[PDB]
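Have a look at the structure that comes next, please.
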Amino acid sequence: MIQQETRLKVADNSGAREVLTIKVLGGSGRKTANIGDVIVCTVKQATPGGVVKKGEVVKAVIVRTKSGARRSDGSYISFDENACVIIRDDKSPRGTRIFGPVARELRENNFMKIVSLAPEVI
Amino acid sequence: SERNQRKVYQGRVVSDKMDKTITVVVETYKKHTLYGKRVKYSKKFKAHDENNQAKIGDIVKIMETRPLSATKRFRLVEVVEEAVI
Amino acid sequence: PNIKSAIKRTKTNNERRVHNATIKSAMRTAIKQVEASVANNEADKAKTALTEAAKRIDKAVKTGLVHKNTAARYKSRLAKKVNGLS
RNA sequence: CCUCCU
RNA sequence: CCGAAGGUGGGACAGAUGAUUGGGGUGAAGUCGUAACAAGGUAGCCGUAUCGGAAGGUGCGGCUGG
RNA sequence: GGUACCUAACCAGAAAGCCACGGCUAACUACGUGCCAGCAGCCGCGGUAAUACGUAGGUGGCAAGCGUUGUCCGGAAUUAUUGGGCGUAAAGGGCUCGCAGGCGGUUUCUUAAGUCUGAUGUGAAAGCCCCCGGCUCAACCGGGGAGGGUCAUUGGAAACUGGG
RNA sequence: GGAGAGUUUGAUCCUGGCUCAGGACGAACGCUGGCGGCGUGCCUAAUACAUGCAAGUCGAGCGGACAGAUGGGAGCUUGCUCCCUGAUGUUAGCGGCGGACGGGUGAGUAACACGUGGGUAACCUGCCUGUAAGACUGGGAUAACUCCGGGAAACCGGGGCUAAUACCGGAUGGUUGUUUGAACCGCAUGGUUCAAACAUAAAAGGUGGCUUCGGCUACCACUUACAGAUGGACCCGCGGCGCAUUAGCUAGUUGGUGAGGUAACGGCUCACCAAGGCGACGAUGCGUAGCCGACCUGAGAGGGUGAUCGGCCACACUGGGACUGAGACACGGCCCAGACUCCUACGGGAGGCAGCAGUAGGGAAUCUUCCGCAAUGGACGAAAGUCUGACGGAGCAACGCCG
RNA sequence: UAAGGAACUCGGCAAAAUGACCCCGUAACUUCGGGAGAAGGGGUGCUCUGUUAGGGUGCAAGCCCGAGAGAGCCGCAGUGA
Ligand SMILES: [Mg+2]
Ligand SMILES: [Mg+2]
Ligand SMILES: [Mg+2]
Ligand SMILES: [Mg+2]
Ligand SMILES: [Mg+2]
Ligand SMILES: [Mg+2]
Ligand SMILES: [Mg+2]
Ligand SMILES: [Mg+2]
Ligand SMILES: [Mg+2]
Ligand SMILES: [Mg+2]
Ligand SMILES: [Mg+2]
Ligand SMILES: [Mg+2]
Ligand SMILES: [Mg+2]
């Protein structure tokens, strides 16, 4: 459950360390985004020398959340943190590496490059 | 035994407080490389005195040994001169 | 590795260490028996322990583990403790 | 009071 | 137990860059005066103070390289 | 590698160069520009007769190259120990008191750290070099020396410097 | 064994800078370009790397497949088949040695790192070659091969086996330790030599030939002592960078005592004591740097450089750790972490071009994805030989020097 | 009080958070006092060793105060309110 002002760790090597959520995308009054949803966000903390710089507005896909996600079989997945991956408009990650486990839900939304790069998909 | 001696030195005892130990200062007159004047050089050393006999002024001889500490490398072979006060 | 004899030397040396550790462990355990016996005031056992110690010490020397000087140092230390009892 | 440049 | 990497923190140091700003250098023929060089038209110069578009002026003490 | 080298023709045919020419440093005239265009290591050339610019014809070194830029040493007794200075050229501290340091009258005795000196050991090979030889000399390889040390160790000398 | 010249002025002497003639180079760029012979060729990004190749060997350790067929056998279309295990051959797999060299690069390092200095009484020292004892007697396991289960897989865990020159038991062993004394002494810590006791500690056989089939040999080769030699380790005097617009630094710090560790001496590590040690002769900090043989230049003093070639040192994608051993705390190993490359049907694996070539990038700029071990040197082996981008050659480039 | 965490609002108003003791450590700037509880960190229960070392009182017996250690033990959590 990510909303305007939620800060997320960035689970990639794009240069951004922390982003602030500017907007949940996909409809007028949409309050909240979950795993596999895209957000507009500003980079609040960056790694020095990275591609993505502090202050850039960027799109990111959420790949883990504390709220987590329910599956049709009645099972759930939750993580210890909220994290996203900066993306281009075609869903490809701007970085080359993904850190930490991502949720299976990203396959469903056709974030395949992310799912392939991730060390674990739970 | 026909043993080749290690490098032996002689000088004044500048330190002593360090028990089982001294600082022997071999003062000497090395010529300056370019200008050739005899400049008053002084190399400190670290020798061993088991009995704690030596004191300030003693112009003792010392001989090289096994490394007797981090800094210590010599023994008090003999107190040649015995200065007092 | 990416060499034939390297892959052998990888596989070899692992299997050597295991066998080698055994003998060190055995030695060190045998050394502890002598050290333990000093506390209890029992020289008769310490002598019979020191033999088994000394056997296990010298087996490591043969294999190529404990150096002769290393062994020399240990058997010294132990024998002084045994004599220091009486 | 001042006295263009080479 | 020690322990690399990592994390957190407050300092230290070095470089780059910054609205703007400060003098400096340089630049055939710009403007203002004429301070210095002659007793340079109020001898000049040194330290200091103060004042003035600008060279500079004036005070005090000093120097002669008047 | 059927490559070096030999023979033998076709035969000196295939094998000349680049840079420089005010002065330093041995080496000039037409024309076209007209403070333009351009040149320049330094001094400096060009404003309508340019021996230093654009072109055109013309000549000393070293020898398929030599020009240009970059770096280092020299020249530079131009950081001066060798080997420089400070009245006016740059340079005497505004003047003391003084710690450390540097330096210290004469004699004599003694010492021997400095000073000097003999002897012994090492300072690879290559390179550069002394005799230098060999490979046809060479653009090259061997041996015996030498240098190489504010160096040990030891025995003297003792004027001088230092210590009593 | 040492040369000057131009340029401040109207002219002068002086002071003073500037400039020039010389030599040197890993050069680059122009323009131009014939050949030959020696030499030299990433100085930038210790940047990242596609591809190939750079360390493998020993069947006279090895059971085993898979071959061999000297011969007998072989049903019999003489066409093809075969049944035995020929001498012995090919040698995945096991075992040994090497892989710690050779090759590369100079990142770090202002340090006993280096260049000239000791103990060898503080050490180590396999291989090699000597002089000095032996391989005697116990077995038990385990690869391969097979059986089973995995792995799409990559790779791998169980089960029964089999061998070995793999491993372990025990006697007696001069080594080693302990103790009992001596002898003899140094440079204090001591050292060297000898004798007994107690304790411990050895090996391995595979080939060819002869066996009187009791055995005895011999090259190779296993194991033990005193040697020599070789290659390492520590310690020390003295040397060789800039900055004071860097003046205080240090708290395992300085010494002691004890314990442990180490091949080895030692705050080397720790415990418990003190309060030291260093520094204006420049500590500490910052900057820069591999050091040296040498090289360039110069009359020399000096100054600069430390590509190529030789030695010492350090490092091996970044960082940590130990294992194996005579010897790395590993240059083409591993373990772990990190950033990058690859594979993975996602669970997991694989690798490090500062090896030769080459590529991209950076840059003013620096080669061939070449042939051969014939030579020289290695490693392995008794040898034949194999492997060797070490090395020899060749390609390229007026980049030198000179024919 | 899920997730979020100033998006609320004129304004973080209100609330939450911080909070004891001991120890380490602490910048700019400065009137040289300060700044300073700067900041940022660590420890904290119980048991045994243990009527510890050491201290107060006392002739002693005893009573009282009491570090710092080592070894353990338990919990989600030890200035457990
Ligand atoms: Mg005037
Ligand atoms: Mg006037
Ligand atoms: Mg006025
Ligand atoms: Mg000079
Ligand atoms: Mg003047
Ligand atoms: Mg003057
Ligand atoms: Mg004066
Ligand atoms: Mg460096
Ligand atoms: Mg809530
Ligand atoms: Mg919550
Ligand atoms: Mg708001
Ligand atoms: Mg609002
Ligand atoms: Mg409030």
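A note on names: the letters A, B, ... follow the listed sequences, proteins ahead of strands, and every chain is numbered from 1. Atoms considered below: every heavy atom in the structure, side chains included; atoms not considered: hydrogens, waters and symmetry mates.
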>> Regarding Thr65(B), tell me which of base, sugar-phosphate or nothing describes its non-hydrogen contacts under 4.0 Å with the strands shown.
In response: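 Base, at least one base atom sits under 4.0 Å.
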> Under 4.0 angstrom, heavy atoms only, what part of the nucleic acid is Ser1(B) near: base, sugar-phosphate, or nothing?
Replying inline: base
> Heavy atoms under 4.0 Å, any strand shown: does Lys68(C) hit a base, just sugar-phosphate, or nothing?
Replying inline: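 Answer is sugar-phosphate: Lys68(C) comes under 4.0 Å of backbone atoms only.
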> Is there a side chain to side chain donor-acceptor pair (under 3.5 Å) between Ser75(A) and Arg71(A) once you walk through the steps?
Replying inline: CA-CA 5 Å; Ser75(A) 71; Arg71(A) 297 167 175 190; 5.2 Å; no
>> What is the separation between atom NZ on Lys40(B) and atom P on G114(F), rounded to the nearest whole Å?
In response: 16 Å
>> Mind checking if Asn13(C) touches a base, just sugar-phosphate, or nothing, with heavy atoms under 4.0 Å?
In response: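 Since a base atom lies under 4.0 Å of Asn13(C), the category is base.
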>> Counting C-beta onward and ignoring hydrogens, is there a side-chain heavy-atom pair between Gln5(B) and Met63(B) closer than 4.5 Å?
In response: yes
> Which part of the nucleic acid does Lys81(C) contact within heavy-atom distance under 4.0 Å: base, sugar-phosphate only, or nothing?
Replying inline: sugar-phosphate
> What integer number of Å spans the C1' atoms of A271(G) and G98(G)?
Replying inline: 47 Å
>> Between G57(F) and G23(F), how many Å separate the two P atoms, rounded to a whole number?
In response: 24 Å
>> Under 4.0 Å, counting only non-hydrogen atoms across every strand here, what does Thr10(C) touch: a base, just sugar-phosphate, or nothing?
In response: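 Sugar-phosphate: the residue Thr10(C), judged by heavy atoms under 4.0 Å, touches backbone atoms but no base.
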>> Please classify the nucleic acid contact of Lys31(A) as base, sugar-phosphate, or nothing, using heavy-atom distances under 4.0 Å.
In response: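 Nothing, no heavy atom under 4.0 Å.
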Contacts under 3.5 angstrom, residues 16-40 of chain B side chains, donor-acceptor by atom type, not counting sequence neighbours:
unit_1: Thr21(B); atom_1: OG1; unit_2: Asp19(B); atom_2: O; d: 3.2
unit_1: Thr21(B); atom_1: OG1; unit_2: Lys72(B); atom_2: NZ; d: 2.8
unit_1: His32(B); atom_1: ND1; unit_2: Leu34(B); atom_2: N; d: 3.3

>> Classify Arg66(B) by what it touches in the nucleic acid, base, sugar-phosphate, or nothing, heavy-atom distance under 4.0 Å.
In response: base
> Out of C281(G), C168(G), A3(H), which has the shortest distance to the side chain of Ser42(B)?
Replying inline: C281(G)
> How many Å lie between CE on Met1(A) and P on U1(H), as a whole number?
Replying inline: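 Answer to the nearest Å: 17 Å.
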> Looking at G177(G), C103(F), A121(G), which one has an atom nearest to any side-chain atom of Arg3(B)?
Replying inline: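 Closest nucleotide among those given: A121(G).
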> What pucker does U79(F) have, north or south, from the sign of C1'-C2'-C3'-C4'?
Replying inline: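 South is the answer for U79(F), its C1'-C2'-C3'-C4' torsion being negative.
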>> Reading RNA chain F from 5' onward, which residue's closest nucleotide shows up sooner: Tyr29(B) or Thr33(B)?
In response: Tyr29(B)
> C1'-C2'-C3'-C4' for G92(F): north (positive) or south (negative)?
Replying inline: south
> Ignoring hydrogens and angles, are the base of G169(G) and the side chain of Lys55(C) linked by a donor-acceptor pair under 3.5 Å?
Replying inline: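 Answer no: no donor N or O sits under 3.5 Å from an acceptor.
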>> If a positive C1'-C2'-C3'-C4' torsion means north (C3'-endo side) and a negative one means south (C2'-endo side), where does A330(G) fall?
In response: south
> Whole Å only: how far is the CG atom of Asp16(B) from the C1' atom of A275(G)?
Replying inline: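 The distance from CG of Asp16(B) to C1' of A275(G) comes to 13 Å, rounded to the nearest Å.
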> Among the nucleotides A188(G), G93(G), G5(H), which one has an atom lying closest to any side-chain atom of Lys4(C)?
Replying inline: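 Nearest nucleotide to the side chain: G93(G).
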> With positive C1'-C2'-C3'-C4' meaning north and negative meaning south, how does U8(E) come out?
Replying inline: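 Judging by the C1'-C2'-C3'-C4' torsion, which comes out positive, the sugar of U8(E) sits north.
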> So what does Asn82(A) touch, heavy atoms closer than 4.0 Å: a base, only the sugar-phosphate, or nothing?
Replying inline: sugar-phosphate
>> If you only use heavy atoms from C-beta on, which nucleotide in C236(G), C168(G), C123(G) is closest to the side chain of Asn69(C)?
In response: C123(G)
> Which part of the nucleic acid does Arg73(C) contact within heavy-atom distance under 4.0 Å: base, sugar-phosphate only, or nothing?
Replying inline: base
> Quick one: which of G56(G), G260(G), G277(G) gets closest to the side chain of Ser5(C)?
Replying inline: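 The closest nucleotide is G56(G).
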> What's the base orientation of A398(G): syn (chi within 90° of 0) or anti?
Replying inline: syn
> Picking from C334(G), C235(G), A92(G), which would you name as closest to the side chain of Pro1(C)?
Replying inline: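 Nearest to the side chain of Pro1(C) among the choices is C334(G).
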> For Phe74(B), which contact category applies under a 4.0 Å heavy-atom criterion: base, sugar-phosphate, or nothing?
Replying inline: nothing
>> Quick check for you: among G256(G), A55(G), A188(G), whose closest atom lies nearest to any side-chain atom of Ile3(C)?
In response: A55(G)
> Glycosidic conformation of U78(G), syn or anti, with 90° from 0 as the boundary?
Replying inline: syn
>> Using a heavy-atom cut-off of 4.0 Å across all strands, would you classify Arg17(C) as base, sugar-phosphate, or nothing?
In response: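 Sugar-phosphate contact only.
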>> Using atom P in both nucleotides, what's the gap between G174(G) and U224(G) to the nearest angstrom?
In response: 14 Å
> Rounded to the nearest 0.5 Å, how far does CZ of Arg30(A) lie from CG of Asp37(A)?
Replying inline: 4.0 Å
> So which nucleotide does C114(G) pair with, by the Watson-Crick or G-U wobble rule with both distances under 3.5 Å?
Replying inline: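 Across any shown strand, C114(G) pairs with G239(G).
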> According to the definition of ring centres under 5.5 angstrom and planes under 30 degrees, are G256(G) and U257(G) stacked?
Replying inline: yes
> Is the base of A76(F) syn or anti, if syn means a glycosidic angle within 90° of 0?
Replying inline: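 For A76(F), whose glycosidic angle is within 90° of 0, the conformation is syn.
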> Taking the nucleotide of RNA chain F with the closest heavy atom to each, which residue, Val8(B) or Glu27(B), is nearer the 5' end?
Replying inline: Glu27(B)
>> Mind checking if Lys23(A) touches a base, just sugar-phosphate, or nothing, with heavy atoms under 4.0 Å?
In response: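 The answer is nothing, as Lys23(A) stays clear of every strand by at least 4.0 Å.
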> Glycosidic conformation of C160(F), syn or anti, with 90° from 0 as the boundary?
Replying inline: anti
> Hey, is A259(G) sitting syn or anti, using the within-90° cutoff around 0?
Replying inline: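 Anti, which is what one calls it when the glycosidic angle falls more than 90° from 0.
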> Between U262(G), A121(G), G260(G), which one does the side chain of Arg77(C) approach most closely?
Replying inline: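 Of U262(G), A121(G), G260(G), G260(G) is nearest to the side chain of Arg77(C).
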>> Is it the case that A36(H) and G37(H) stack, meaning their six-membered ring centres lie under 5.5 Å apart and the ring planes differ by under 30 degrees?
In response: no
>> Measuring only the P atom in each nucleotide, how far is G75(G) from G86(G)? A whole number of Å is fine.
In response: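 Going atom to atom, P in each nucleotide, I get 22 Å.
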> Which nucleotide sits closest to the side chain of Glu5(A): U178(G), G56(G), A7(H)?
Replying inline: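 Nearest listed nucleotide: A7(H).
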> Salt bridge or not for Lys75(C) and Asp58(C), using N-O below 4.0 Å?
Replying inline: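 Counted as a salt bridge, because a side-chain N and a carboxylate O are separated by less than 4.0 Å.
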>> Nearest to the side chain of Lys62(C), heavy atoms from C-beta on, is which of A202(G), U324(G), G347(G)?
In response: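 It is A202(G).
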>> Check for me whether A55(E) and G56(E) meet both conditions: six-membered ring centres under 5.5 Å apart and planes under 30°.
In response: no
> Less than 3.5 Å between a donor and an acceptor, one on the side chain of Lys75(C) and one on the base of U178(G), is that the case here?
Replying inline: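 Flag unset: no donor-acceptor pair detected.
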